[PDB]
Amino acid sequence: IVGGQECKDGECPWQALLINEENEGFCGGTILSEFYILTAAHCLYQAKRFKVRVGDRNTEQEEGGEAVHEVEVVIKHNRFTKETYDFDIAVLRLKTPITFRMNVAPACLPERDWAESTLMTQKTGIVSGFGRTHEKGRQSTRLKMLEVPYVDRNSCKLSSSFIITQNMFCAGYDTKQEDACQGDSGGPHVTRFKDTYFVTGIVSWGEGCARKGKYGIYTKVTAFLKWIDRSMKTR
Amino acid sequence: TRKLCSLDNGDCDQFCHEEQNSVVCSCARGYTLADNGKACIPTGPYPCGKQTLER
Ligand SMILES: Cc1nc2ccccc2n1Cc1ccc2c(c1)nc(CNc1ccc(C(=N)N)cc1)n2C
Ligand SMILES: [Ca+2]
């Protein structure tokens, strides 16, 4: 996360990490339940095989609480294409159920209506991950978070050099140098309502990081709710 | 007259879905709707969306 704050004890319990063979966290994920992890479809390319680490707050020191789980099945969105980056979503099922504990808890899924309104209506969302901190820099060793304001679709399209489909949405700053970055892909964009947090989108892509005049773009989870249910019941 | 989930989410802790004229609230899986038909009581020890910190 470029220029964000640090996630304290129990502040970002839904964050999951996708580690490859060499245990390199190439992407992130959102804990949905004991077995399911929500992630970006494109992340399924940076590794022949991977595992999901949960409870990890600092990639360096192993302060316990960290737990690796193997992926049983990988349900990727059949409509994803690198040529368009549309339908950038994928659900992962783990072989072993994730034990909830301090710093390990799922995020709540909302409903299409009351998400599109109430949630997207809010002025800011929360995003996080163990990704680059400055673009052309190191990948963070501590889990970072950042409040990213909701950007209206029109300005979003006007800023992005590429086509912003209806399965996407912008969130970030125009001038302020704060924004998700590479390695944060698949990570969660949750939104707080009163005291609960609902998954609103997942880190998809963006043009550079904290690039002035550009915004970070995410997958609009709202559009995939039924698909998520399908995949959770397995389909 | 009574209506609008716009007033203040209809006093729902979470999902609000007006039906006919009433507000009618709902709770995410893992929560149970309180008897007041507005609050959402967590069912398990670690409900979704809650920060598992020294709460
Ligand atoms: C090369 C191309 N063809 C496209 C077709 C449609 C849309 C974008 C396209 N792009 C640009 C593009 C597409 C996907 C990308 C990307 C840049 N950069 C990443 C890496 N992750 C990433 C995540 C967040 C941010 C950010 N918010 N600043 C910046 C980068 N992914 C995963
Ligand atoms: Ca660690």
# chains A, B, ... in the order shown; residues from 1 in each chain; ligands from 1

call {"tool": "interface_residues", "arguments": {"of": "chain A", "to": "chain B", "cutoff": "7 Å", "atoms": "only C-alpha atoms", "output": "ChimeraX atom specification"}}
result
/A:9-13,100,102-103,105-108,114,196-198

call {"tool": "residues_near_ligand", "arguments": {"ligand": "ligand 1", "cutoff": "7 Å", "atoms": "only C-alpha atoms and all ligand atoms", "output": "PDB file with N, CA, C and O atoms, in the first residue's frame"}}
result
ATOM      1  N   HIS A  42      -6.816 -12.680 -12.088  1.00  0.00           N
ATOM      2  CA  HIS A  42      -5.497 -12.541 -12.703  1.00  0.00           C
ATOM      3  C   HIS A  42      -4.342 -13.025 -11.818  1.00  0.00           C
ATOM      4  O   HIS A  42      -3.286 -13.400 -12.330  1.00  0.00           O
ATOM      5  N   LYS A  82      -7.236 -11.227 -19.961  1.00  0.00           N
ATOM      6  CA  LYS A  82      -6.198 -10.219 -19.750  1.00  0.00           C
ATOM      7  C   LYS A  82      -6.342  -9.057 -20.733  1.00  0.00           C
ATOM      8  O   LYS A  82      -5.957  -7.924 -20.442  1.00  0.00           O
ATOM      9  N   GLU A  83      -6.937  -9.349 -21.883  1.00  0.00           N
ATOM     10  CA  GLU A  83      -7.143  -8.363 -22.933  1.00  0.00           C
ATOM     11  C   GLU A  83      -8.154  -7.284 -22.539  1.00  0.00           C
ATOM     12  O   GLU A  83      -8.250  -6.255 -23.202  1.00  0.00           O
ATOM     13  N   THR A  84      -8.876  -7.504 -21.444  1.00  0.00           N
ATOM     14  CA  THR A  84      -9.893  -6.554 -20.989  1.00  0.00           C
ATOM     15  C   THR A  84      -9.935  -6.330 -19.480  1.00  0.00           C
ATOM     16  O   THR A  84     -10.471  -5.326 -19.013  1.00  0.00           O
ATOM     17  N   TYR A  85      -9.401  -7.287 -18.728  1.00  0.00           N
ATOM     18  CA  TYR A  85      -9.388  -7.236 -17.272  1.00  0.00           C
ATOM     19  C   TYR A  85     -10.775  -7.114 -16.644  1.00  0.00           C
ATOM     20  O   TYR A  85     -10.934  -6.643 -15.514  1.00  0.00           O
ATOM     21  N   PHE A 162      -7.865   3.232 -20.077  1.00  0.00           N
ATOM     22  CA  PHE A 162      -8.516   2.005 -20.522  1.00  0.00           C
ATOM     23  C   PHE A 162      -9.990   2.007 -20.157  1.00  0.00           C
ATOM     24  O   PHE A 162     -10.416   2.719 -19.250  1.00  0.00           O
ATOM     25  N   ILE A 163     -10.757   1.193 -20.872  1.00  0.00           N
ATOM     26  CA  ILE A 163     -12.195   1.083 -20.658  1.00  0.00           C
ATOM     27  C   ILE A 163     -12.568   0.541 -19.268  1.00  0.00           C
ATOM     28  O   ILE A 163     -12.140  -0.545 -18.875  1.00  0.00           O
ATOM     29  N   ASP A 179      -2.402   5.076  -2.402  1.00  0.00           N
ATOM     30  CA  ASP A 179      -3.110   4.185  -3.306  1.00  0.00           C
ATOM     31  C   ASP A 179      -2.551   2.781  -3.182  1.00  0.00           C
ATOM     32  O   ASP A 179      -1.396   2.617  -2.817  1.00  0.00           O
ATOM     33  N   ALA A 180      -3.368   1.772  -3.470  1.00  0.00           N
ATOM     34  CA  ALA A 180      -2.910   0.392  -3.424  1.00  0.00           C
ATOM     35  C   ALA A 180      -1.861   0.277  -4.523  1.00  0.00           C
ATOM     36  O   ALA A 180      -1.636   1.236  -5.263  1.00  0.00           O
ATOM     37  N   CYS A 181      -1.240  -0.885  -4.661  1.00  0.00           N
ATOM     38  CA  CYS A 181      -0.215  -1.033  -5.675  1.00  0.00           C
ATOM     39  C   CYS A 181      -0.021  -2.490  -6.053  1.00  0.00           C
ATOM     40  O   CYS A 181      -0.833  -3.345  -5.699  1.00  0.00           O
ATOM     41  N   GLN A 182       1.044  -2.772  -6.795  1.00  0.00           N
ATOM     42  CA  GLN A 182       1.340  -4.136  -7.217  1.00  0.00           C
ATOM     43  C   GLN A 182       1.592  -5.012  -5.993  1.00  0.00           C
ATOM     44  O   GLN A 182       2.270  -4.595  -5.046  1.00  0.00           O
ATOM     45  N   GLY A 183       1.017  -6.209  -6.005  1.00  0.00           N
ATOM     46  CA  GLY A 183       1.179  -7.115  -4.883  1.00  0.00           C
ATOM     47  C   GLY A 183      -0.019  -7.035  -3.960  1.00  0.00           C
ATOM     48  O   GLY A 183      -0.139  -7.817  -3.018  1.00  0.00           O
ATOM     49  N   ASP A 184      -0.878  -6.047  -4.196  1.00  0.00           N
ATOM     50  CA  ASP A 184      -2.090  -5.868  -3.408  1.00  0.00           C
ATOM     51  C   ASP A 184      -3.272  -6.494  -4.161  1.00  0.00           C
ATOM     52  O   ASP A 184      -4.372  -6.617  -3.628  1.00  0.00           O
ATOM     53  N   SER A 185      -3.016  -6.907  -5.398  1.00  0.00           N
ATOM     54  CA  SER A 185      -4.016  -7.514  -6.260  1.00  0.00           C
ATOM     55  C   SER A 185      -4.731  -8.686  -5.597  1.00  0.00           C
ATOM     56  O   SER A 185      -4.088  -9.575  -5.041  1.00  0.00           O
ATOM     57  N   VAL A 203      -9.043  -5.478  -5.051  1.00  0.00           N
ATOM     58  CA  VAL A 203      -7.991  -4.787  -5.797  1.00  0.00           C
ATOM     59  C   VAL A 203      -7.709  -5.452  -7.149  1.00  0.00           C
ATOM     60  O   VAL A 203      -7.132  -6.539  -7.213  1.00  0.00           O
ATOM     61  N   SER A 204      -8.103  -4.791  -8.229  1.00  0.00           N
ATOM     62  CA  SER A 204      -7.896  -5.351  -9.555  1.00  0.00           C
ATOM     63  C   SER A 204      -6.647  -4.809 -10.234  1.00  0.00           C
ATOM     64  O   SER A 204      -5.649  -5.527 -10.365  1.00  0.00           O
ATOM     65  N   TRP A 205      -6.693  -3.541 -10.638  1.00  0.00           N
ATOM     66  CA  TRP A 205      -5.571  -2.908 -11.322  1.00  0.00           C
ATOM     67  C   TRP A 205      -5.628  -1.392 -11.244  1.00  0.00           C
ATOM     68  O   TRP A 205      -6.570  -0.821 -10.697  1.00  0.00           O
ATOM     69  N   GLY A 206      -4.621  -0.753 -11.824  1.00  0.00           N
ATOM     70  CA  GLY A 206      -4.530   0.695 -11.831  1.00  0.00           C
ATOM     71  C   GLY A 206      -3.320   1.077 -12.657  1.00  0.00           C
ATOM     72  O   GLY A 206      -2.466   0.227 -12.941  1.00  0.00           O
ATOM     73  N   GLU A 207      -3.261   2.334 -13.080  1.00  0.00           N
ATOM     74  CA  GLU A 207      -2.146   2.825 -13.883  1.00  0.00           C
ATOM     75  C   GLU A 207      -1.093   3.452 -12.968  1.00  0.00           C
ATOM     76  O   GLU A 207      -1.182   4.625 -12.589  1.00  0.00           O
ATOM     77  N   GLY A 208      -0.090   2.655 -12.622  1.00  0.00           N
ATOM     78  CA  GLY A 208       0.941   3.129 -11.723  1.00  0.00           C
ATOM     79  C   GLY A 208       0.329   3.122 -10.337  1.00  0.00           C
ATOM     80  O   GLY A 208      -0.789   2.643 -10.157  1.00  0.00           O
ATOM     81  N   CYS A 209       1.030   3.663  -9.355  1.00  0.00           N
ATOM     82  CA  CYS A 209       0.493   3.679  -8.006  1.00  0.00           C
ATOM     83  C   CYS A 209       0.556   5.095  -7.482  1.00  0.00           C
ATOM     84  O   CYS A 209       1.564   5.776  -7.652  1.00  0.00           O
ATOM     85  N   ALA A 210      -0.562   5.568  -6.941  1.00  0.00           N
ATOM     86  CA  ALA A 210      -0.653   6.925  -6.407  1.00  0.00           C
ATOM     87  C   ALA A 210      -0.322   7.934  -7.498  1.00  0.00           C
ATOM     88  O   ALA A 210       0.052   9.072  -7.216  1.00  0.00           O
ATOM     89  N   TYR A 215      -6.653   6.854 -10.610  1.00  0.00           N
ATOM     90  CA  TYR A 215      -7.253   6.250  -9.433  1.00  0.00           C
ATOM     91  C   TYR A 215      -6.995   4.750  -9.490  1.00  0.00           C
ATOM     92  O   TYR A 215      -6.660   4.211 -10.548  1.00  0.00           O
ATOM     93  N   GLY A 216      -7.112   4.086  -8.348  1.00  0.00           N
ATOM     94  CA  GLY A 216      -6.922   2.650  -8.309  1.00  0.00           C
ATOM     95  C   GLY A 216      -8.279   2.070  -8.641  1.00  0.00           C
ATOM     96  O   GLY A 216      -9.294   2.588  -8.164  1.00  0.00           O
ATOM     97  N   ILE A 217      -8.329   1.048  -9.486  1.00  0.00           N
ATOM     98  CA  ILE A 217      -9.615   0.469  -9.843  1.00  0.00           C
ATOM     99  C   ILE A 217      -9.817  -0.921  -9.221  1.00  0.00           C
ATOM    100  O   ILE A 217      -8.872  -1.711  -9.089  1.00  0.00           O
TER     101      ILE A 217
END

call {"tool": "residues_near_ligand", "arguments": {"ligand": "ligand 2", "cutoff": "6 Å", "atoms": "only C-alpha atoms and all ligand atoms", "output": "MDAnalysis selection string"}}
result
chainID A and resid 56:63

call {"tool": "write_last_selection", "arguments": {"atoms": "N, CA, C and O atoms", "output": "short mmCIF file (atom, residue, chain, number, x, y, z; two decimals), in the first residue's frame"}}
result
data_model
loop_
_atom_site.label_atom_id
_atom_site.label_comp_id
_atom_site.auth_asym_id
_atom_site.auth_seq_id
_atom_site.Cartn_x
_atom_site.Cartn_y
_atom_site.Cartn_z
N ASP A 56 -1.22 -13.79 9.30
CA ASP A 56 0.10 -13.19 9.12
C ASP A 56 -0.03 -11.67 9.09
O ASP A 56 -0.80 -11.12 8.30
N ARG A 57 0.73 -11.00 9.93
CA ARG A 57 0.67 -9.55 10.01
C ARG A 57 2.00 -8.90 9.63
O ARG A 57 2.06 -7.72 9.28
N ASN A 58 3.06 -9.70 9.69
CA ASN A 58 4.41 -9.26 9.38
C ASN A 58 5.07 -10.44 8.68
O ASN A 58 5.25 -11.50 9.27
N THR A 59 5.38 -10.25 7.40
CA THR A 59 5.98 -11.30 6.59
C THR A 59 7.31 -11.84 7.14
O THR A 59 7.66 -12.99 6.87
N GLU A 60 8.04 -11.02 7.87
CA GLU A 60 9.33 -11.42 8.43
C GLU A 60 9.26 -12.33 9.65
O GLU A 60 9.52 -13.54 9.56
N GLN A 61 8.96 -11.75 10.81
CA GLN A 61 8.88 -12.50 12.06
C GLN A 61 7.65 -13.40 12.15
O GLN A 61 6.54 -12.99 11.81
N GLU A 62 7.85 -14.62 12.62
CA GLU A 62 6.75 -15.57 12.76
C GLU A 62 6.25 -15.52 14.20
O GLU A 62 6.61 -16.35 15.03
N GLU A 63 5.38 -14.56 14.49
CA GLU A 63 4.85 -14.39 15.84
C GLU A 63 3.70 -15.35 16.15
O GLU A 63 2.83 -15.04 16.97
#

call {"tool": "residues_around", "arguments": {"residues": "residue 52 in chain A", "least_positions_apart": "5", "cutoff": "9 Å", "atoms": "only C-alpha atoms", "output": "NGL selection string"}}
result
:A and (16-20 or 25 or 28-29 or 37 or 67-71 or 94)

call {"tool": "residues_around", "arguments": {"residues": "residue 166 in chain A", "least_positions_apart": "6", "cutoff": "10 Å", "atoms": "only C-alpha atoms", "output": "list in words"}}
result
residues 86, 87, 153, 219, 220 and 223 of chain A

call {"tool": "write_last_selection", "arguments": {"atoms": "N, CA and C atoms", "output": "CSV table (one decimal), in the first residue's frame"}}
result
chain,number,residue,atom,x,y,z
A,86,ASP,N,-11.8,-7.6,-17.4
A,86,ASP,CA,-13.2,-7.6,-16.9
A,86,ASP,C,-13.4,-8.9,-16.3
A,87,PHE,N,-14.3,-9.0,-15.3
A,87,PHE,CA,-14.6,-10.2,-14.6
A,87,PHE,C,-13.4,-10.7,-13.8
A,153,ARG,N,-18.2,7.0,-11.2
A,153,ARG,CA,-18.0,6.4,-12.5
A,153,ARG,C,-17.5,7.3,-13.6
A,219,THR,N,-12.7,-4.5,-8.5
A,219,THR,CA,-13.7,-5.3,-9.0
A,219,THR,C,-14.9,-5.0,-8.1
A,220,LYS,N,-16.1,-4.7,-8.8
A,220,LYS,CA,-17.3,-4.4,-8.1
A,220,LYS,C,-17.9,-5.7,-7.7
A,223,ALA,N,-21.7,-6.8,-8.3
A,223,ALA,CA,-22.1,-7.5,-9.6
A,223,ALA,C,-21.9,-9.0,-9.6

call {"tool": "select_by_dssp", "arguments": {"residues": "range 65-199 of chain A", "states": "alpha helix (DSSP H)", "output": "PyMOL selection string"}}
result
chain A and resi 153-159

call {"tool": "atom_distance", "arguments": {"atom1": "CA of residue 1 in chain B", "atom2": "CA of residue 34 in chain B"}}
result
24.3 Å

call {"tool": "atom_distance", "arguments": {"atom1": "CA of residue 126 in chain A", "atom2": "CA of residue 27 in chain A"}}
result
17.0 Å

call {"tool": "residues_around", "arguments": {"residues": "residue 201 in chain A", "least_positions_apart": "2", "cutoff": "9 Å", "atoms": "only C-alpha atoms", "output": "PDB file with N, CA, C and O atoms, in the first residue's frame"}}
result
ATOM      1  N   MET A 168     -16.506  -2.843 -12.677  1.00  0.00           N
ATOM      2  CA  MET A 168     -15.374  -2.180 -12.049  1.00  0.00           C
ATOM      3  C   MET A 168     -15.839  -0.912 -11.349  1.00  0.00           C
ATOM      4  O   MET A 168     -17.007  -0.536 -11.442  1.00  0.00           O
ATOM      5  N   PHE A 169     -14.930  -0.288 -10.608  1.00  0.00           N
ATOM      6  CA  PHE A 169     -15.198   0.970  -9.930  1.00  0.00           C
ATOM      7  C   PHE A 169     -13.893   1.576  -9.428  1.00  0.00           C
ATOM      8  O   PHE A 169     -12.951   0.855  -9.091  1.00  0.00           O
ATOM      9  N   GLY A 187      -6.537  -8.379  -3.117  1.00  0.00           N
ATOM     10  CA  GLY A 187      -6.781  -7.907  -1.767  1.00  0.00           C
ATOM     11  C   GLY A 187      -8.170  -7.325  -1.613  1.00  0.00           C
ATOM     12  O   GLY A 187      -8.800  -6.941  -2.604  1.00  0.00           O
ATOM     13  N   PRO A 188      -8.659  -7.213  -0.372  1.00  0.00           N
ATOM     14  CA  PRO A 188      -9.987  -6.677  -0.089  1.00  0.00           C
ATOM     15  C   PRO A 188     -10.171  -5.167  -0.014  1.00  0.00           C
ATOM     16  O   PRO A 188      -9.273  -4.423   0.381  1.00  0.00           O
ATOM     17  N   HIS A 189     -11.357  -4.740  -0.432  1.00  0.00           N
ATOM     18  CA  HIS A 189     -11.797  -3.350  -0.351  1.00  0.00           C
ATOM     19  C   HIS A 189     -13.115  -3.514   0.410  1.00  0.00           C
ATOM     20  O   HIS A 189     -14.158  -3.837  -0.172  1.00  0.00           O
ATOM     21  N   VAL A 190     -13.033  -3.364   1.723  1.00  0.00           N
ATOM     22  CA  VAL A 190     -14.171  -3.523   2.600  1.00  0.00           C
ATOM     23  C   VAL A 190     -14.758  -2.143   2.926  1.00  0.00           C
ATOM     24  O   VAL A 190     -14.076  -1.132   2.777  1.00  0.00           O
ATOM     25  N   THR A 191     -16.022  -2.097   3.336  1.00  0.00           N
ATOM     26  CA  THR A 191     -16.686  -0.839   3.674  1.00  0.00           C
ATOM     27  C   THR A 191     -17.416  -0.987   5.010  1.00  0.00           C
ATOM     28  O   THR A 191     -18.194  -1.920   5.192  1.00  0.00           O
ATOM     29  N   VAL A 199     -17.731  -6.598   2.286  1.00  0.00           N
ATOM     30  CA  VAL A 199     -16.836  -6.628   1.133  1.00  0.00           C
ATOM     31  C   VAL A 199     -17.489  -5.937  -0.055  1.00  0.00           C
ATOM     32  O   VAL A 199     -18.489  -6.421  -0.589  1.00  0.00           O
ATOM     33  N   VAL A 203      -9.043  -5.478  -5.051  1.00  0.00           N
ATOM     34  CA  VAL A 203      -7.991  -4.787  -5.797  1.00  0.00           C
ATOM     35  C   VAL A 203      -7.709  -5.452  -7.149  1.00  0.00           C
ATOM     36  O   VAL A 203      -7.132  -6.539  -7.213  1.00  0.00           O
ATOM     37  N   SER A 204      -8.103  -4.791  -8.229  1.00  0.00           N
ATOM     38  CA  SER A 204      -7.896  -5.351  -9.555  1.00  0.00           C
ATOM     39  C   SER A 204      -6.647  -4.809 -10.234  1.00  0.00           C
ATOM     40  O   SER A 204      -5.649  -5.527 -10.365  1.00  0.00           O
ATOM     41  N   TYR A 218     -11.050  -1.197  -8.807  1.00  0.00           N
ATOM     42  CA  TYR A 218     -11.386  -2.457  -8.157  1.00  0.00           C
ATOM     43  C   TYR A 218     -12.537  -3.200  -8.835  1.00  0.00           C
ATOM     44  O   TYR A 218     -13.274  -2.639  -9.650  1.00  0.00           O
ATOM     45  N   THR A 219     -12.661  -4.479  -8.498  1.00  0.00           N
ATOM     46  CA  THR A 219     -13.719  -5.322  -9.018  1.00  0.00           C
ATOM     47  C   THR A 219     -14.932  -5.019  -8.149  1.00  0.00           C
ATOM     48  O   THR A 219     -14.832  -5.004  -6.923  1.00  0.00           O
ATOM     49  N   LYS A 220     -16.052  -4.709  -8.789  1.00  0.00           N
ATOM     50  CA  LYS A 220     -17.291  -4.410  -8.085  1.00  0.00           C
ATOM     51  C   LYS A 220     -17.932  -5.736  -7.658  1.00  0.00           C
ATOM     52  O   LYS A 220     -18.648  -6.372  -8.434  1.00  0.00           O
ATOM     53  N   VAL A 221     -17.655  -6.151  -6.422  1.00  0.00           N
ATOM     54  CA  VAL A 221     -18.172  -7.404  -5.868  1.00  0.00           C
ATOM     55  C   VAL A 221     -19.688  -7.484  -5.957  1.00  0.00           C
ATOM     56  O   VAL A 221     -20.252  -8.558  -6.133  1.00  0.00           O
ATOM     57  N   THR A 222     -20.340  -6.334  -5.881  1.00  0.00           N
ATOM     58  CA  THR A 222     -21.791  -6.262  -5.951  1.00  0.00           C
ATOM     59  C   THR A 222     -22.336  -7.026  -7.165  1.00  0.00           C
ATOM     60  O   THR A 222     -23.248  -7.839  -7.033  1.00  0.00           O
TER      61      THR A 222
END

call {"tool": "atom_distance", "arguments": {"atom1": "CA of residue 200 in chain A", "atom2": "CA of residue 115 in chain A"}}
result
7.3 Å

call {"tool": "closest_residue", "arguments": {"among": "A:121, A:97, A:40, A:35", "to": "residue 193 in chain A", "atoms": "only C-alpha atoms"}}
result
A:121

call {"tool": "select_by_dssp", "arguments": {"residues": "range 32-180 of chain A", "states": "strand (DSSP E)", "output": "ChimeraX atom specification"}}
result
/A:36-39,51-54,67-76,90-94,124-129,144-149,168-171

call {"tool": "residues_around", "arguments": {"residues": "residue 36 in chain A", "least_positions_apart": "5", "cutoff": "7 Å", "atoms": "only C-alpha atoms", "output": "mmCIF file with N, CA and C atoms, in the first residue's frame"}}
result
data_model
loop_
_atom_site.group_PDB
_atom_site.id
_atom_site.type_symbol
_atom_site.label_atom_id
_atom_site.label_comp_id
_atom_site.auth_asym_id
_atom_site.auth_seq_id
_atom_site.Cartn_x
_atom_site.Cartn_y
_atom_site.Cartn_z
ATOM 1 N N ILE A 31 -11.046 -13.212 3.443
ATOM 2 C CA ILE A 31 -11.596 -14.402 4.059
ATOM 3 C C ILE A 31 -13.112 -14.274 4.051
ATOM 4 N N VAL A 91 -12.830 -17.397 -6.748
ATOM 5 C CA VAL A 91 -13.061 -17.918 -5.405
ATOM 6 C C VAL A 91 -12.187 -19.156 -5.194
ATOM 7 N N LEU A 92 -11.531 -19.231 -4.043
ATOM 8 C CA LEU A 92 -10.662 -20.356 -3.734
ATOM 9 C C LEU A 92 -11.209 -21.140 -2.553
ATOM 10 N N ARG A 93 -11.247 -22.459 -2.685
ATOM 11 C CA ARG A 93 -11.716 -23.310 -1.601
ATOM 12 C C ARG A 93 -10.502 -24.012 -1.029
ATOM 13 N N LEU A 94 -10.365 -23.965 0.288
ATOM 14 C CA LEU A 94 -9.235 -24.590 0.965
ATOM 15 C C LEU A 94 -9.584 -25.991 1.460
ATOM 16 N N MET A 232 -19.611 -20.837 -3.760
ATOM 17 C CA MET A 232 -19.494 -21.286 -2.376
ATOM 18 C C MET A 232 -20.248 -22.591 -2.154
#
